[PDB]
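Next come the chains, spelled out residue by residue.
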Amino acid sequence: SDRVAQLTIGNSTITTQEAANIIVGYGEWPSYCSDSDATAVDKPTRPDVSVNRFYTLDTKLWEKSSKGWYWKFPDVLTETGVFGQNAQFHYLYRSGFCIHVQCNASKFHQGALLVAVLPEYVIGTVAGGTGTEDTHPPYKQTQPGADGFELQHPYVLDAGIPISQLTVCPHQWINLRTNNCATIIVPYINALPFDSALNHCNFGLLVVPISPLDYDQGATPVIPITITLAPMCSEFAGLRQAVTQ
Amino acid sequence: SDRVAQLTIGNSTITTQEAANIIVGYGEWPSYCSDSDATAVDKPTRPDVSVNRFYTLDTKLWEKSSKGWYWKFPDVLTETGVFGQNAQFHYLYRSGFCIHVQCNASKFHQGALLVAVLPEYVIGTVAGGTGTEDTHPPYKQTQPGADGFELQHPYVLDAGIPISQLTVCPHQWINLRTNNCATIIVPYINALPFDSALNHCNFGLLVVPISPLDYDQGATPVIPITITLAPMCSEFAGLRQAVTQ
Amino acid sequence: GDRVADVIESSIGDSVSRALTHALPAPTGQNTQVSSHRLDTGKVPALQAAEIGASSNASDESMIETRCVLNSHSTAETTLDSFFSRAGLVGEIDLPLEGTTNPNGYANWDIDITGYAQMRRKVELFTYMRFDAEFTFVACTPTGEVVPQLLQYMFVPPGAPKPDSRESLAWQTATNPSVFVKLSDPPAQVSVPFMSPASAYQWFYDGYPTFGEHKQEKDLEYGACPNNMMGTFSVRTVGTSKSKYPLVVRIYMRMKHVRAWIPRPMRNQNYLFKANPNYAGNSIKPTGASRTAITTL
Amino acid sequence: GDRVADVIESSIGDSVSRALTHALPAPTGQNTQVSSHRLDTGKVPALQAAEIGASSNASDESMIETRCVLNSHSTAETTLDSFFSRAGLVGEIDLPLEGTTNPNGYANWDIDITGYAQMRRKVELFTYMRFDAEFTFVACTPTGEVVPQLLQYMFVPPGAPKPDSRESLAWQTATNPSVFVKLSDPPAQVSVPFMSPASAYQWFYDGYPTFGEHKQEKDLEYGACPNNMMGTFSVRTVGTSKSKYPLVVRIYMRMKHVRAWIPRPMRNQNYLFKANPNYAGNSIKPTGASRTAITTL
Amino acid sequence: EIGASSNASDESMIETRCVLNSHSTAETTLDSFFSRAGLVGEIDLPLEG
Amino acid sequence: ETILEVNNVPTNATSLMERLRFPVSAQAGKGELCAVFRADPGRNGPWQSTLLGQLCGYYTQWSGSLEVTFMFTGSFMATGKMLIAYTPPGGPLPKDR
Amino acid sequence: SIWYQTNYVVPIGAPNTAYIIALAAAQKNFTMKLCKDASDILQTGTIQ
Ligand SMILES: CCO/N=C/c1ccc(OCC[C@@H](C)CCN2CCN(c3ccnc(C(N)=O)c3)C2=O)cc1
Ligand SMILES: CCO/N=C/c1ccc(OCC[C@@H](C)CCN2CCN(c3ccnc(C(N)=O)c3)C2=O)cc1
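The rules we used
- Residues numbered from 1 in each chain as written, not as in the entry; some residues may be left out.
- Chains lettered and ligands numbered in written order.
- Part of a larger assembly, values for the part shown.
- Heavy atoms only, no water.
- Helix = DSSP H or I, 4+ residues; strand = E, 2+ residues; numbered from the N terminus.
- Rg over C-alpha atoms; globule rule 2.2 N^0.38 Å.
- Buried < 20%, exposed > 50% of the residue type's maximum accessible area, 1.4 Å probe, protein only.
- Contact = heavy atoms within 4.5 Å.
- Areas by Shrake-Rupley, 256 points an atom, 1.4 Å probe, with all protein chains shown as cover.
- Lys, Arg positive; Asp, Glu negative; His and termini not counted.
- Charge placed at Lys NZ, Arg CZ, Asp CG, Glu CD.
- Near = heavy atom within 4 Å.
- Polar contact = N/O pair within 3.5 Å; in protein donor to acceptor, adjacent residues only side chain to side chain.
- Nonpolar A, V, L, I, M, F, W, Y, C, P; charged D, E, K, R; others polar.
- Least-squares fit on C-alpha atoms.
- Pairing = 2+ DSSP bridges.
- Axes fitted to C-alpha atoms, helices over the stretch in contact; angles between N-to-C directions.
- Buried area = accessible area lost by both parts, 1.4 Å probe.
- Salt bridge = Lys/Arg side-chain N within 4 Å of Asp/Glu carboxyl O.

Taking the PDB entry as the reference, chain C is identified by name as VP1 belonging to Enterovirus a71. Per the PDB header, the entry is named "Crystal structure of human Enterovirus 71 in complex with the uncoating inhibitor ALD".

Going by the annotation in the PDB entry, the name recorded for chain A is VP2, with Enterovirus a71 given as the source organism.

Counting its regular elements, chain A contains 2 helices and 12 strands. Each helix (α) and strand (β) of chain A, taken in turn from the N terminus, gives the series β-β-β-β-β-α-β-β-α-β-β-β-β-β. Radius of gyration (C-alpha) of chain A: 19 Å, near the 18 Å computed for a compact globule of 245 residues. Counting only C-alpha atoms and orienting by the principal axes, one finds that chain A spans roughly 60 × 55 × 30 Å. Buried residues in chain A amount to 65% of all 245 residues. Put simply, 84% of the contacts in chain A that link residues at least 6 apart link residues at least 24 apart. When the accessible surface of chain A is totalled, it reaches about 8,600 Å², and 48% of it is carbon and sulfur. Side-chain charges of chain A comprise 13 positive and 21 negative groups, with the mean position of each set lying 5 Å from the other.

A word on the site of ligand 1. All names here are of chain C. Taken together, 21 residues are adjacent to ligand 1, and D112, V179, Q202, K274 and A275 come closest. Contact between ligand 1 and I113: an oxygen atom at 3.3 Å from a main-chain N or O atom of the residue. Here a nitrogen atom of ligand 1 sits 3.3 Å away from a polar atom, N or O, in the side chain of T114. Alone, ligand 1 offers 760 Å² of accessible surface; in the complex the protein occludes 92% of this. Of all the elements, strand β3 (residues 126-140) adds the most residues to the shell around ligand 1, at 3 residues. A class-by-class count of the residues in the shell around ligand 1 yields 15 nonpolar, 4 polar and 2 charged.

Before going further, it helps to spend a moment on the relation of the copies chain B and chain A. The two copies are related by a screw operation: chain B maps onto chain A through 180 degrees of rotation and 0.0 Å of translation along the axis, at an RMSD of 0.0 Å. Both copies are brought into coincidence by an operation consistent with a two-fold rotation axis. No C-alpha of chain B lies nearer the rotation axis than that of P47 of chain B, which sits 2.4 Å from it. A shared binding surface is used by both copies, with 100% of the interface residues of chain B retained as interface residues in chain A.

All names here are of chain B. Read across the open sheet, the 5 strands follow the order β3-β10-β6-β12-β4; overall the sheet is mixed. At either end of the open sheet lies a strand with only one pairing partner, and these are β3 (23-24) and β4 (55-62). Each of β4, β6 (90-102) and β12 (223-239) touches helix α1 (residues 81-89); the most contacted strand, β12, lies at about 40 degrees to it.

Glancing now at the pairing of strand β4 (residues 150-156) of chain C. Residue and element names in this part refer to chain C. Along β4, 6 of the 7 residues are buried, which leaves the element largely enclosed by surrounding structure. Of the pairings in the sheet, the one linking β4 to strand β8 (residues 232-237) comprises 6 bridges and is antiparallel in character. Counted as the bridge partner of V156 is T232 from β8.

The next subject is the interface of chain A and chain D. In this complex, chain A contributes 67 residues to the contact, which on the side of chain D involves 57 residues. A buried area of about 5,200 Å², summed over both sides, lies between chain A and chain D, and 58% of it is on carbon and sulfur atoms. On the chain A side of the interface with chain D, the three residues burying the most area are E120, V122 and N199 of chain A, jointly 12% of the side's total. The interface formed by chain A and chain D contains 1 salt bridge. The partner of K72 of chain A in a salt bridge is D206 of chain D, and the shortest N-O contact between them spans 2.6 Å. Elements represented by at least two residues in the side of chain A that touches chain D include exactly β3 (23-24), β7 (110-119), α2 (139-142) and β9 (171-175) of chain A. Per-element accounting of the side of chain A that touches chain D gives the leading share, 4 residues, to β9 of chain A.

Once that is clear, we can look at the pairing of strand β12 (residues 223-239) of chain A. Across a regular strand the side chains alternate sides, sitting on one face of the sheet and then on the other. Residues and elements named next belong to chain A. Of all 17 residues in β12, 16 are buried, a share of seventy percent or more. In this structure, strand β4 (residues 55-62) lies alongside β12, joined through 7 bridges in antiparallel fashion. Bridged to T56 within β12 is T228. The pairing of strand β6 (residues 90-102) with β12 spans 11 bridges and is antiparallel. The residue of β12 that forms the bridge with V101 is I227.

Structural data, given as structure tokens:
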């Protein structure tokens, strides 16, 4: 009655019989931009069902040695379905997100994944190792797309900050002996009412194993982690030709 | 006060200082599908401003010998802007259209163009000339796209029917000494509430010179005919992956 | 709930199609009113602007001095039912003894009324039509002789098994409707409802029935609309042994309870095939008669 | 107007962000209530499910037998203004006589407070901040001596001409705000408003400032947000002739009227550069101290 | 030609939304623009000149 | 409204006045390009000729809609139809109409 | 960007080239903030 759940939006429905409730980032549901917060004057377009639906974008394999991965929003969807087209044809974009991370195993497997959302997740480099070289991360690392990217130094989140304090952000855990999914609802987070879906990534989704995956020889060794997400209250403005970046 | 006009829809505006009123096909404005005429159960998407706007798709040159051209709807827009994307991602589509044909000249040029809309404009072939061969028109002739297609035998509209009776269809004339444009508003015409934007062309737009273009040596000889059109009340349903045909 | 203004004030979703015109009763031709000489400036009924796309609004009253005429001429005979509800030939089926066509004592006819010009040209004046119909079946030998033979007509809707012989199991007709009649009996006659999956039949379909690449070898499907394919009409002589007589079945159709939409130009070139508007390119003829000069009758 | 039902009943356009939580006054630490032994089934405060993502709701009262304690300890000193409204060093500007840096008697400093660890680490606890600020300017020679010298500080906003010399025309300061003060006078001090084009400054921007291909040679712009670039702070000795004294200007900032959003993990690796969070990859150190065994202090 | 500036507004050229604009006009008053001290004169009193 | 120097290319004294106007003429009907310019009001370019651009220079930030009115000074017998477009940020200079 | 929608047409006797003058200004929702000095200083040496 808190373990079972159904998430229906658009022409897609998700089910889970081993949930752990739902998290609503910073305690507030997504919403459309009010006429007093807005600034751009053109009438926005709100596609609704064609873009506010669940998209399953990627599957990673959880291994005994995995370090963790991250994805950037809205980067992950800029080239998928109708949402992508609208993000490409419009200068302005804004929306919320419902993130559903899936990972099931057996009552004999163990391990725990920390699933968290970190706004304005700026990536840092190791500065040439000695820290005397001012290097910068490449586009494929700041905006990895749907395939995401693997963390090199999870302890410091590849940005000189302690992952041990990541729980100060909207998060959930996937502890195999307890639940097989994590659901986080995120409102639009920015210092502006609208912004570019291409140049700016509002937040990053981190999925990091804190307690290593383990099991005995003979049990299914392939344990996938699938990422499904849905935009909420998508709004677009500033129409012109399509642009990919 | 009937000669001047402004058509604003979406982020586009059209002006004309030499109009001849506006025609509303079969006397009725476009409208969304009612809950009693509808049959498909999924909630439709109505993009609004991002697709119901003016699109300028093509320019043809009117010559002293021109025979006439035609375009198919919604074929002309299936690969343009956000409208195209929605037509591709959805099985079901329905909409109306505002057609604005432009052609200006000088008070010393002459000629008259018949601009008409013919629903279910099926094309026929000359049957091998002798009429003993049951040939059929090719895809590029039934659905010519934005470039349109030139009529081979305008007198019979390339379909064994008299162009002299085409005026029984919503139409206007561009008589150079009078007006420099034609504006026709068309509601959705079909025996079904929704249909495929790719397999079915609801109507055809014909632009045929009935009184030949003429002028004296020295006057601008290049007289373009430009086609601008805007969808009205666009609705889409039956979402899945994009398909071009 | 709704809170931003553009959403509250939008017309998105209006299902009421606004109509600029409305029907008025007109059981008789309009009357003519008395009129006198008018010598005014500003008023000019005779001058029009055909470019607009509308027909002239000028009337007798304003062009010449008229008298009063009470016109009681009816408009009844030009209603859709008056025009179409007249039985015409739409199909012929031959059941010869020795032949190359149907020498096995049975025949399957795809229900398609576009094989005859008179009826075809009338219905093609409109794009969409919805109607019920009365079908009459006239049978006799090729000389018009009436012979003591029993026939079986069966309506085979799409998906039902088409008889492949005179003794086919499908003739059990446990569900399809069949008519057993003698050539000696009067013509068989039945009523048919509007059977399309669509709100109306359409004599023209500018599209393709399926998706995919429409390459040369599939262009024969351009213009094919299954919504118009109501099925097969099968006929057979009733017996395990061949008939002793050669037969012909003429099919007449009489539409009734007719509704039509979207008028269109009327065919002006001879028809060639059932499925399309193809015309003989080397014989494109004028719509009507011609003359030597524009200044001579 | 709206007529189809799905449109009438849609929530499209709701601008009211529903909030699951609300603030309550809390001027003092919560009190402790009396509690006694509880030996129940069904009730189990001690057991939690951290997977949910929420912190434990268990309290002293339910884990041990407590007494009543009236807690009057204030919560005042942990407000945002209490924490930040304390002047700290954020900039140093050298005006040497013989040097390699600013030997021409003037200097331009890009307003950027991320050059000092103490202040930087505090503001980076939040992602977005909005605030006014009090700026204090302390000048003296490199020994801390006070000399009779007159200086001119000028705020050059983006787009205003940056002085290129001690005698630059831009020092006419007809529109930009300038402060003329002596090293002998007390430290200069002024109030600065919230000047960003955005609703708040942001210490982190996971994006690029422009469109286009973001190739290797432009990666230095990743994370650069113009909304945070308030301009240049220029200083000069006032005279057409070189100063007789070497000078240093220390810039202190005191935030006030502070609002902050989105808390984040606190920096645990030394800082290296102003513009980014780069860290020395070969010196990644634990967040804190370590020990030999988990079973020994 | 009339000598007046266009009266056309956003509302009539494109489909607009409602925007409650609370941007102040205070900083463009004459006093705001001019009431800022600037240099207008220099006077030299040299010893040997 | 003040005159916007769209045609800001001639620089010799005797041709400065030509900056105040740009030309149009009979083409070949291929939807050819007539002119282009950035809309940025406080940026170096055409807007610098306008009083708006100049006053804009005394302020660090601005906000608002802009308007450009085009006056055709051809002869009464000349006709034509032009497409004037505004491409919001992110859209590169349009290659075609 | 400005493009030819149709074409510039003229009869015999009229110039084949004409000019367009562009006038620009701001709408009523336009405001400016944070006073600063202009990028130009119209003076080379001392003004005598
Ligand atoms: C004992 C049992 O007795 N049973 C009798 C019985 C008789 C007649 C029955 O069916 C009558 C259906 C008729 C009216 C529909 C004719 N239509 C509509 C559209 N259409 C059409 C459109 C475009 N193109 C074509 C084309 N051929 O290219 C064709 C037609 O031909 C059924 C049963
Ligand atoms: C006589 C005239 O006296 N005039 C004095 C005077 C003093 C100070 C003034 O300006 C104060 C603006 C300060 C508070 C903003 C500091 N901020 C906000 C965001 N941000 C920032 C964010 C992310 N990354 C970086 C980065 N550098 O990588 C940097 C900042 O540094 C102006 C005028």
